[PDB]
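> What follows is structure.pdb; its format and atoms are PDB, C-alpha atoms.
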MODEL        1
ATOM      1  CA  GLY A   1      26.465 -37.188   4.423
ATOM      2  CA  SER A   2      24.147 -35.808   1.753
ATOM      3  CA  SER A   3      23.375 -32.085   1.881
ATOM      4  CA  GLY A   4      21.632 -29.660  -0.456
ATOM      5  CA  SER A   5      20.455 -26.367   1.022
ATOM      6  CA  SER A   6      22.411 -26.347   4.283
ATOM      7  CA  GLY A   7      20.625 -23.231   5.497
ATOM      8  CA  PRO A   8      17.625 -22.158   7.606
ATOM      9  CA  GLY A   9      14.478 -20.707   6.070
ATOM     10  CA  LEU A  10      11.638 -20.745   8.589
ATOM     11  CA  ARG A  11      13.760 -19.067  11.262
ATOM     12  CA  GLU A  12      13.807 -15.547  12.705
ATOM     13  CA  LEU A  13      15.386 -13.223  10.140
ATOM     14  CA  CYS A  14      15.780  -9.451   9.849
ATOM     15  CA  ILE A  15      16.614  -6.830   7.223
ATOM     16  CA  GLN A  16      19.096  -4.071   8.049
ATOM     17  CA  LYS A  17      18.301  -0.907   6.092
ATOM     18  CA  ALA A  18      19.229   2.779   6.259
ATOM     19  CA  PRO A  19      17.939   4.904   9.168
ATOM     20  CA  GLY A  20      15.110   5.989   6.888
ATOM     21  CA  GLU A  21      15.000   3.757   3.819
ATOM     22  CA  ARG A  22      11.864   2.061   2.493
ATOM     23  CA  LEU A  23      12.141  -1.733   2.442
ATOM     24  CA  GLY A  24      10.882  -1.666  -1.134
ATOM     25  CA  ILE A  25       9.006  -4.964  -1.081
ATOM     26  CA  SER A  26       5.568  -6.114  -2.233
ATOM     27  CA  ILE A  27       3.125  -8.673  -0.837
ATOM     28  CA  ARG A  28      -0.183 -10.224  -1.895
ATOM     29  CA  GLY A  29      -2.965 -11.593   0.288
ATOM     30  CA  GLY A  30      -5.090 -10.430   3.196
ATOM     31  CA  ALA A  31      -7.908 -11.763   5.362
ATOM     32  CA  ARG A  32     -10.103 -10.716   2.437
ATOM     33  CA  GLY A  33      -7.859 -10.045  -0.546
ATOM     34  CA  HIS A  34      -8.147 -12.564  -3.373
ATOM     35  CA  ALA A  35      -7.364 -16.012  -1.972
ATOM     36  CA  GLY A  36      -3.577 -16.139  -2.112
ATOM     37  CA  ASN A  37      -3.808 -19.832  -2.962
ATOM     38  CA  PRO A  38      -5.247 -20.477  -6.450
ATOM     39  CA  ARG A  39      -6.113 -24.000  -5.312
ATOM     40  CA  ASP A  40      -8.407 -23.338  -2.351
ATOM     41  CA  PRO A  41     -10.455 -20.112  -2.138
ATOM     42  CA  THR A  42     -10.570 -20.542   1.639
ATOM     43  CA  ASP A  43      -6.985 -19.299   1.903
ATOM     44  CA  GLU A  44      -6.230 -15.726   2.971
ATOM     45  CA  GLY A  45      -2.510 -16.322   3.399
ATOM     46  CA  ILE A  46      -0.042 -13.564   2.557
ATOM     47  CA  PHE A  47       3.024 -14.129   0.378
ATOM     48  CA  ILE A  48       5.489 -11.789  -1.327
ATOM     49  CA  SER A  49       4.289 -10.785  -4.793
ATOM     50  CA  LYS A  50       7.325  -8.693  -5.728
ATOM     51  CA  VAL A  51      10.573  -7.237  -4.386
ATOM     52  CA  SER A  52      12.338  -4.037  -5.439
ATOM     53  CA  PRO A  53      16.039  -4.306  -6.374
ATOM     54  CA  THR A  54      16.941  -1.083  -4.567
ATOM     55  CA  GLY A  55      14.861  -2.141  -1.581
ATOM     56  CA  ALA A  56      16.377  -3.254   1.715
ATOM     57  CA  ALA A  57      15.238  -6.766   0.800
ATOM     58  CA  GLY A  58      16.153  -6.915  -2.877
ATOM     59  CA  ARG A  59      19.709  -6.084  -1.838
ATOM     60  CA  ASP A  60      19.581  -8.156   1.350
ATOM     61  CA  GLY A  61      19.719 -11.452  -0.519
ATOM     62  CA  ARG A  62      17.350 -13.407   1.712
ATOM     63  CA  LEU A  63      14.098 -11.705   0.710
ATOM     64  CA  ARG A  64      12.562 -12.799  -2.592
ATOM     65  CA  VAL A  65       9.220 -13.077  -4.390
ATOM     66  CA  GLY A  66       7.748 -16.257  -2.943
ATOM     67  CA  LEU A  67       8.608 -16.225   0.755
ATOM     68  CA  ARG A  68       5.455 -16.578   2.852
ATOM     69  CA  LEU A  69       5.273 -13.789   5.435
ATOM     70  CA  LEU A  70       4.891 -15.487   8.817
ATOM     71  CA  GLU A  71       5.404 -12.509  11.127
ATOM     72  CA  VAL A  72       6.774  -8.982  10.728
ATOM     73  CA  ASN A  73       8.689  -7.681  13.746
ATOM     74  CA  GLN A  74       7.176 -10.334  16.013
ATOM     75  CA  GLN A  75       3.712  -9.300  14.831
ATOM     76  CA  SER A  76       1.711 -12.154  13.309
ATOM     77  CA  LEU A  77      -0.234 -10.926  10.280
ATOM     78  CA  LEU A  78      -3.002 -13.331  11.289
ATOM     79  CA  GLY A  79      -6.196 -11.345  11.771
ATOM     80  CA  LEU A  80      -5.318  -8.180   9.865
ATOM     81  CA  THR A  81      -6.019  -7.453   6.198
ATOM     82  CA  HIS A  82      -3.605  -6.834   3.324
ATOM     83  CA  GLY A  83      -3.854  -3.115   4.024
ATOM     84  CA  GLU A  84      -2.980  -3.658   7.678
ATOM     85  CA  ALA A  85      -0.333  -6.304   7.002
ATOM     86  CA  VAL A  86       1.439  -4.047   4.506
ATOM     87  CA  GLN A  87       1.534  -1.068   6.867
ATOM     88  CA  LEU A  88       3.029  -3.479   9.400
ATOM     89  CA  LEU A  89       5.998  -4.087   7.101
ATOM     90  CA  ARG A  90       6.593  -0.363   6.607
ATOM     91  CA  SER A  91       6.043   0.309  10.311
ATOM     92  CA  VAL A  92       9.669  -0.582  11.038
ATOM     93  CA  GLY A  93      12.489   1.786  11.937
ATOM     94  CA  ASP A  94      15.672   0.761  10.142
ATOM     95  CA  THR A  95      15.488  -2.991  10.739
ATOM     96  CA  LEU A  96      12.649  -5.505  11.041
ATOM     97  CA  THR A  97      12.283  -9.192  11.900
ATOM     98  CA  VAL A  98      10.639 -11.274   9.175
ATOM     99  CA  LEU A  99       9.839 -14.928   9.857
ATOM    100  CA  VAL A 100       9.407 -15.747   6.169
ATOM    101  CA  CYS A 101      10.642 -18.968   4.567
ATOM    102  CA  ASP A 102      11.232 -20.596   1.181
ATOM    103  CA  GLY A 103       7.659 -20.791  -0.074
ATOM    104  CA  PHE A 104       7.966 -21.034  -3.850
ATOM    105  CA  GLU A 105      10.681 -19.985  -6.300
ATOM    106  CA  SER A 106       9.485 -17.610  -9.019
ATOM    107  CA  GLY A 107      12.144 -18.660 -11.510
ATOM    108  CA  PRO A 108      15.608 -17.153 -12.076
ATOM    109  CA  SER A 109      16.400 -13.529 -11.232
ATOM    110  CA  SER A 110      18.911 -10.855 -12.237
ATOM    111  CA  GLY A 111      21.200  -8.707 -10.110
TER     112      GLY A 111
ENDMDL
END
Please rewrite the model in this file as structure tokens.


Amino acid sequence: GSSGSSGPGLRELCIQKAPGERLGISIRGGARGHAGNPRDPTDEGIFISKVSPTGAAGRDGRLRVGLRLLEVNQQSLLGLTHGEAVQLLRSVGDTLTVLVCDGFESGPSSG
């Protein structure tokens, strides 16, 4: 009957990029980094803080600034710190598996 999105978000997704291209994405958080959630300081979650247009994601169409990073390449970011988590995203060959999902829209975008 009624339908709005009609698409998965918290499922297993991946980003196909060149054999040596940098994703070109940004994230904010960490087991220590400033509490990702401005509401509760006891939150070390990690969510995208920015995404490059020329990056594998920016072009992909599924990766945006607001998708909470659940796991990168079947590697839960739970336990590691921003520094570690980040390196985990760039530690992929030409394609990774992100389990992100619609977390919060950061307004309209261009391109």

> Applied to this file, what does the PyMOL selection byres ((chain A and resi 49-51) around 9) return in terms of residues, put as a PyMOL selection string?

chain A and resi 23-29+46-48+52-55+57-58+63-67

> Got a sec to check which residues sit within 9 Å of (6.5, -13.9, 10.4), counting only C-alpha atoms, and write them as number ranges by chain?

A: 10-13, 68-77, 97-101

> Counting only C-alpha atoms, which of A:91, A:111, A:62, A:104 gets nearest to residue 20 of chain A?

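Once distances to residue 20 of chain A are computed over only C-alpha atoms, the minimum belongs to A:91.
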
> Out of A:44, A:39, A:103, A:108, which residue has the shortest atom-to-atom distance to residue 79 of chain A when counting all atoms listed in the file?

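Checking each candidate against residue 79 of chain A, we get A:44 as the closest.
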
> For atom CA of residue 82 of chain A and atom CA of residue 8 of chain A, determine how far apart the two atoms are, in Å to one decimal place.

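Pair atom CA of residue 82 of chain A / atom CA of residue 8 of chain A returns 26.5 Å.
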
> Tell me, in Å to one decimal, how far atom CA of residue 16 of chain A is from atom CA of residue 84 of chain A.

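Between atom CA of residue 16 of chain A and atom CA of residue 84 of chain A the gap is 22.1 Å.
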
> Mind telling me what the PyMOL selection byres ((chain A and resi 43) around 12) catches here, as a VMD selection string?

chain A and resid 28 to 42 44 to 47 78

> Go ahead and compute the interatomic distance for atom CA of residue 105 of chain A and atom CA of residue 93 of chain A, in Å to one decimal.

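Atom CA of residue 93 of chain A lies 28.5 Å from atom CA of residue 105 of chain A.
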
> Do a neighbour search on residue 18 of chain A at 9 Å with only C-alpha atoms, toss out local chain neighbours closer than 6 positions, and write the hits as a list in words.

residues 56, 93, 94 and 95 of chain A

> Can you sort out the box for segment 69-78 of chain A, edges along x, y and z, all listed atoms in, 8 Å on every side, with centre and edge lengths in Å to one decimal, as JSON?


{"center_x": 2.8, "center_y": -11.6, "center_z": 10.7, "size_x": 27.7, "size_y": 23.8, "size_z": 26.6}

> Can you work out which one of A:110, A:81, A:2, A:96 has the shortest atom-to-atom distance to residue 19 of chain A, counting all atoms listed in the file?

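Among the listed residues, the smallest separation from residue 19 of chain A belongs to A:96.
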
> Please rebuild segment 25-43 of chain A with N, CA, C and O atoms and return the result as an mmCIF file, in the frame of the given file.


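Result file result_39.cif:
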data_model
loop_
_atom_site.group_PDB
_atom_site.id
_atom_site.type_symbol
_atom_site.label_atom_id
_atom_site.label_comp_id
_atom_site.auth_asym_id
_atom_site.auth_seq_id
_atom_site.Cartn_x
_atom_site.Cartn_y
_atom_site.Cartn_z
ATOM 1 N N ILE A 25 9.507 -3.627 -0.792
ATOM 2 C CA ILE A 25 9.006 -4.964 -1.081
ATOM 3 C C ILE A 25 7.500 -4.946 -1.325
ATOM 4 O O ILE A 25 6.815 -3.990 -0.963
ATOM 5 N N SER A 26 6.992 -6.010 -1.939
ATOM 6 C CA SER A 26 5.568 -6.114 -2.233
ATOM 7 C C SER A 26 5.016 -7.460 -1.772
ATOM 8 O O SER A 26 5.703 -8.479 -1.833
ATOM 9 N N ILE A 27 3.770 -7.454 -1.309
ATOM 10 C CA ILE A 27 3.125 -8.673 -0.837
ATOM 11 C C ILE A 27 1.692 -8.771 -1.353
ATOM 12 O O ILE A 27 1.069 -7.761 -1.680
ATOM 13 N N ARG A 28 1.177 -9.994 -1.420
ATOM 14 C CA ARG A 28 -0.183 -10.224 -1.895
ATOM 15 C C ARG A 28 -0.936 -11.160 -0.953
ATOM 16 O O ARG A 28 -0.418 -12.202 -0.552
ATOM 17 N N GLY A 29 -2.161 -10.778 -0.604
ATOM 18 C CA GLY A 29 -2.965 -11.593 0.288
ATOM 19 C C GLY A 29 -3.957 -10.771 1.087
ATOM 20 O O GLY A 29 -4.535 -9.814 0.575
ATOM 21 N N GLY A 30 -4.158 -11.148 2.345
ATOM 22 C CA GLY A 30 -5.090 -10.430 3.196
ATOM 23 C C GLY A 30 -6.253 -11.294 3.641
ATOM 24 O O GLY A 30 -6.664 -12.209 2.927
ATOM 25 N N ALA A 31 -6.785 -11.005 4.823
ATOM 26 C CA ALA A 31 -7.908 -11.763 5.362
ATOM 27 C C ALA A 31 -9.102 -11.722 4.415
ATOM 28 O O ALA A 31 -10.071 -12.461 4.589
ATOM 29 N N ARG A 32 -9.026 -10.854 3.411
ATOM 30 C CA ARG A 32 -10.103 -10.716 2.437
ATOM 31 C C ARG A 32 -9.557 -10.775 1.013
ATOM 32 O O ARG A 32 -10.118 -11.450 0.150
ATOM 33 N N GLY A 33 -8.460 -10.062 0.774
ATOM 34 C CA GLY A 33 -7.859 -10.045 -0.546
ATOM 35 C C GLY A 33 -7.974 -11.382 -1.252
ATOM 36 O O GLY A 33 -8.011 -12.432 -0.609
ATOM 37 N N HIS A 34 -8.034 -11.346 -2.579
ATOM 38 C CA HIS A 34 -8.147 -12.564 -3.373
ATOM 39 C C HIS A 34 -7.355 -13.702 -2.738
ATOM 40 O O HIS A 34 -6.180 -13.546 -2.410
ATOM 41 N N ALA A 35 -8.007 -14.847 -2.567
ATOM 42 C CA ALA A 35 -7.364 -16.012 -1.972
ATOM 43 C C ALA A 35 -5.958 -16.207 -2.529
ATOM 44 O O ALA A 35 -5.785 -16.550 -3.698
ATOM 45 N N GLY A 36 -4.955 -15.984 -1.685
ATOM 46 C CA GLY A 36 -3.577 -16.139 -2.112
ATOM 47 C C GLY A 36 -3.341 -17.447 -2.842
ATOM 48 O O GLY A 36 -2.611 -17.489 -3.832
ATOM 49 N N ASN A 37 -3.958 -18.517 -2.352
ATOM 50 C CA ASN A 37 -3.808 -19.832 -2.962
ATOM 51 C C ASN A 37 -4.849 -20.045 -4.057
ATOM 52 O O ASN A 37 -6.056 -20.025 -3.812
ATOM 53 N N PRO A 38 -4.374 -20.254 -5.293
ATOM 54 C CA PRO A 38 -5.247 -20.477 -6.450
ATOM 55 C C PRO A 38 -5.959 -21.824 -6.389
ATOM 56 O O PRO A 38 -6.886 -22.082 -7.157
ATOM 57 N N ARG A 39 -5.518 -22.679 -5.473
ATOM 58 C CA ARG A 39 -6.113 -24.000 -5.312
ATOM 59 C C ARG A 39 -7.392 -23.925 -4.484
ATOM 60 O O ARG A 39 -8.473 -24.279 -4.957
ATOM 61 N N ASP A 40 -7.263 -23.462 -3.246
ATOM 62 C CA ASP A 40 -8.407 -23.338 -2.351
ATOM 63 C C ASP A 40 -8.731 -21.872 -2.082
ATOM 64 O O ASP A 40 -7.882 -21.092 -1.651
ATOM 65 N N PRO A 41 -9.989 -21.487 -2.344
ATOM 66 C CA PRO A 41 -10.455 -20.112 -2.138
ATOM 67 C C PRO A 41 -10.545 -19.745 -0.660
ATOM 68 O O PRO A 41 -10.659 -18.571 -0.307
ATOM 69 N N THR A 42 -10.493 -20.758 0.200
ATOM 70 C CA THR A 42 -10.570 -20.542 1.639
ATOM 71 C C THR A 42 -9.190 -20.277 2.230
ATOM 72 O O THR A 42 -8.906 -20.662 3.364
ATOM 73 N N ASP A 43 -8.337 -19.617 1.455
ATOM 74 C CA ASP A 43 -6.985 -19.299 1.903
ATOM 75 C C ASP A 43 -6.717 -17.801 1.794
ATOM 76 O O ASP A 43 -6.708 -17.240 0.699
#
